[PDB]
Amino acid sequence: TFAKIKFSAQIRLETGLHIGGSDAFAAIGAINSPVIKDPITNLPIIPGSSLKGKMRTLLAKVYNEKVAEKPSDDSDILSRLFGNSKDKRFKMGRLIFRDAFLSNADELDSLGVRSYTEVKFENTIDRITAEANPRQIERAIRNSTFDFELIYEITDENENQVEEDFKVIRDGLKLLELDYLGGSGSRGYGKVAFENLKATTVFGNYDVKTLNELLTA
Amino acid sequence: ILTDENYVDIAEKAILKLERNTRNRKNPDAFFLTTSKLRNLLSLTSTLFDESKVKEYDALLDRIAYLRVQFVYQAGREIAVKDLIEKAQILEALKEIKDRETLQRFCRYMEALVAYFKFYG
Amino acid sequence: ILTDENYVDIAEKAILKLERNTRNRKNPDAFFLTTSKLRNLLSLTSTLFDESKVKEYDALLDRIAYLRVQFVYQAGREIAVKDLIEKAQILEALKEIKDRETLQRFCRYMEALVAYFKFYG
Amino acid sequence: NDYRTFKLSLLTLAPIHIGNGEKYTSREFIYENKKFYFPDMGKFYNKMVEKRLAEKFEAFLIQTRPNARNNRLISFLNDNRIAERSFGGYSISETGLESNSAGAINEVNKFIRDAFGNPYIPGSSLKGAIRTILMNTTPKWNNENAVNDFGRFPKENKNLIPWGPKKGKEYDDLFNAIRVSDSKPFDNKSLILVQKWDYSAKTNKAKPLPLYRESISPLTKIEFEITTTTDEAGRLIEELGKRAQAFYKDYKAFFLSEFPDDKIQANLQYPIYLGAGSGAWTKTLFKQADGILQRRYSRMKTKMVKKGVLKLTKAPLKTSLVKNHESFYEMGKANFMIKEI
RNA sequence: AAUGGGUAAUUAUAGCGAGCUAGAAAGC
RNA sequence: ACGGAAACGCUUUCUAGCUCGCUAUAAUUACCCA
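Protein chains in written order, with the entry's author numbering: chain D, 2 to 218; chain B, 3 to 123; chain C, 3 to 123; chain H, 3 to 101, 106 to 325, 334 to 355.
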């Protein structure tokens, strides 16, 4: 058979994140570590590439028996969810990480927000000669929230591995909450919560009753 | 008026046409203008260039209307800036904005002033 | 000046005629110029080299203008970027760009300076 | 889960100012009641260009009259009879000190705030505060920092703590492993705007400075999470209490002795010196940075050829300044205690 | 001692700058 | 009574798979000036 089921979630930032960004034509005084933004609404983005990238390497401390040293040395539970290139069966693997977009921009006008990002001064202090080294790095503001879709393929090759993979998906989402998703991270800048963990089938026929009881539990 | 094809040369010609130490000829040609005070001038525009990028001019027109006043107040305190807001046509070219791409061009003119001030001194 | 002839052979000749650490005989003969200060200028010319392939030249006039500001400002901060933009005639080659085929010649010239900067040490 | 976490509670003995680089000028506040009112000056000039007073305001701003009472923007309001003071911004109530021709403070530095206008302490600030403690109390990181001698003894080596990707090697990076989060944002009732007070040796006065800082009140409980992912990092954040005591003991023996004991504060918990305020010798490897730090000041305001000036302020006493009269503090003397979860 | 005031410095620094696999296959 | 007439160089085929814009970093220091 064939089915595709869709993990929805709502990413709430805490001490909001800095997924580092684009522009070289910036300024002499203004934001010099820009954040990645939508080119059309200029709202901050969590790209799905960084979500998948943190999620692999946080799941790979846990799900690799032998140490990685490369992707395509992951342990056939991460090769099937994130793809290898060098397994014949695990190349397109089973998970699509869409880019998260800023959802509550109207809620963050009822709170007194001038702009949906903030600029934060950060200052390398030298420990001899005490000279300072300032910088203005941008980050999305704290109570920003994001739509989060993550699509999963269930073919016949997902014979009985759907539940075993959803353990890994809800293990990786709770493991990103213990870590930081891009940016400085050791200096704040990271802490992400996932609310409303909800899986629905978008194609095919599959039961999402028993799926939403290792998500919300 | 400053246009996209001349403002850097205007800024160089303004930093050169600017007074220096007549006395104290131990390391001469040092300006009666310091780097901290000119970065104080650029600080007024650095938090409008980002919002010239992000959001619309009809929420920044109020902040430009106060930017006139910020340059007036900085001109009044020290006489070093006072002979820079006249040499560089800052109060003249601040009334010339009326949209986004002249606000951005004015902020780039301020950065060009800071760039040539670091380059000479 | 640089033509569609030797403009790359200029850039290599600029790198070998660039000052080194005669001191620090622990992997010696290395530049004072750090490669991050030079990639922060290749970042500018790289975005312009990409946009020149798509957009017009009148739609790059402000952007190109800001190039001179950064090559001035980065020169006023470090003396190493200062003799980079003096040995490689970058402020002079910036005044010469007037067409997209000349913008791209400057934008590839900076890539040649970065290529030969990595090739030597 | 190797992520052993810690919870740091930070009490403020002295007022702590942090952040932001911005400063209100001497004409950007209102002192009507016992409450310094900092308005959004764009709306203040919007409301007052409608009352024909924008040219009168431009005249006010270059108007340096004597009696600074008449130069602090209350005089512009009460002079031309402006009673509608409904602008965005915030009030912070007065200390009662720093007076009388009162209200004539000049430039305050805004405390670091998030986008909602609620102030907080960032974890990069407190992580740098932890980093000086951990550098100073280590006889591996003190020794060979001040290096290269080329420009003017110019910089720390920054590699006595091994940092980087480091091609070929495994990824150690000790201070990637210590991860200090920011704080949940406190309310801006907690800010008081202490001034600054230079207490000096060889001329035993207490000269004030025209610097004003929106600082946290003394005795404010602040929270942080510090997670560690490595054995060595977790050992260090266990040892932070002992190492902060060791840093402060080698600091009072270095600097605070020769300054009189009433000017200093007690500890009551584990000592820490957080951001703006406290002088050069908390943001340094102070034993390797003596002559090379005073070497930088051939100016009009020389770092006097001694180990410097004690940095006091003035704020109300509560619960504290058990040692001296007329209410001196130490600007950044704070405390913490860590506990593991 | 008064009273008027703030003044100066740094404005990001050091890196990585893409890597691998496929490089046309069947037919008429 | 044209070595000519008639005859689609056409059908099928994802520039695709893998990849964290990341690492370190107190908005700080000096204390004065008319």
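Backbone N, C-alpha and C fix where the C-beta goes; we use that ideal spot for every residue, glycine too.
Contact fails between the stretch 48-60 of chain B and the stretch 6-19 of chain C, because fewer than three Cβ pairs, one in each stretch, are under 8 Å apart. Interface with chain D (9 Å Cβ-Cβ cutoff): residue 38/C is excluded. Annotation: the stretch 96-145 of chain D contains the following complete segments of the beta strand (DSSP E) (minimum length 3 residues), in chain order: 96-98, 118-122 and 137-141.
If one requires a minimum length of 3 residues, no beta strand (DSSP E) run lies completely within the stretch 50-85 of chain D.
Membership of residue 190/D in any beta strand (DSSP E) is not indicated, and neither H nor E is assigned to it by DSSP.
Using a CB distance cut-off of 9 Å, residue 102/C does not count as an interface residue toward chain D. Residue-level contact by beta carbon fails for residue 257/H and chain D, as no gap is shorter than 9 Å. A straight-line Cα-Cα distance of about 20 Å links residue 220/H and residue 278/H. Looking at the DSSP output, residue 11/D shares a beta bridge with 148/D and 196/D. Proximity to residue 184/H across 80/H, 224/H, 20/H and 135/H peaks at 135/H, based on C-alpha coordinates. The alpha helix (DSSP H) runs lying completely inside the stretch 57-87 of chain C and spanning 4 residues or more are 63-79, given in chain order.
In the structure shown, residue 246/H falls within a helical segment according to DSSP collapsed to helix, strand and coil. The Cβ atoms of residue 63/C and residue 7/B sit closer than 9 Å to each other. Judged by DSSP secondary structure, residue 117/H falls outside any alpha helix (DSSP H); it is assigned neither H nor E. Taking 9 Å as the cut-off, the Cβ atoms of residue 16/H and residue 271/H count as close. The beta carbon of residue 346/H lies closer than 6 Å to those of 16, 18, 279, 280, 283 and 284 in the same chain, with the five residues before and after it left out.
Interface residue (Cβ-Cβ distance to chain H less than 9 Å): residue 135/D is classified as such. The DSSP assignment places complete alpha helix (DSSP H) segments of no fewer than 4 residues inside the stretch 170-243 of chain H at 180-183, in order along the chain. Secondary structure note for residue 91/H: it is in no alpha helix (DSSP H), and the uninterrupted beta strand (DSSP E) holding it is 91-95. Secondary-structure assignment with DSSP links residue 116/C through no beta bridge to anything. When C-beta distances to chain D are compared with 7 Å, the residues of the stretch 40-73 of chain C below that value are 45, 46, 49, 65 and 68, in chain order.
DSSP places residue 349/H inside the beta strand (DSSP E), whose first and last residues are 347-354. By the Cβ neighbour-count rule, residue 240/H is buried, with 16 or more other Cβ atoms within 10 Å of its own. Residue-level contact check: residue 186/H touches chain D, since one or more beta carbons of chain D fall below 9 Å from its beta carbon.
Using a CB distance below 9 Å, the part of the stretch 11-31 of chain D facing chain B consists of 24, 27, 28, 29, 30 and 31, ordered along the chain. Three or more Cβ pairs closer than 8 Å define a contact, and the stretch 44-57 of chain D meets that threshold against the stretch 166-186 of chain D. Assignment of residue 10/B by DSSP, reduced to helix, strand and coil, places it in the helix class. Contact of residue 117/B with chain D by beta-carbon distance below 7 Å involves 29. Shown here, residue 3/D sits in coil according to DSSP, grouped into three states, outside any helix or strand.
Residue 84/B and residue 174/D have their alpha carbons spaced roughly 58 Å apart. Contacts with chain B at 9 Å (Cβ-Cβ) do not include residue 22/C. Any Cβ of chain B closer than 9 Å to the Cβ of residue 111/D would place that residue at the interface, and such an atom is absent. Within the same chain, and ignoring the five residues on either side of residue 73/C in sequence, the residues whose Cβ sits closer than 7 Å to its Cβ are 43, 87, 92, 93 and 96.
Residue pairing by DSSP places residue 202/D opposite 6/D in a beta bridge.
Identification of chain D residues near residue 275/H by a Cβ-Cβ cut-off of 8 Å yields none; the smallest Cβ-Cβ distance measures about 23 Å.
Shown in chain order are the members of the stretch 76-104 of chain C whose Cβ falls below 9 Å from a Cβ of chain B: 76, 77, 78, 79 and 84.
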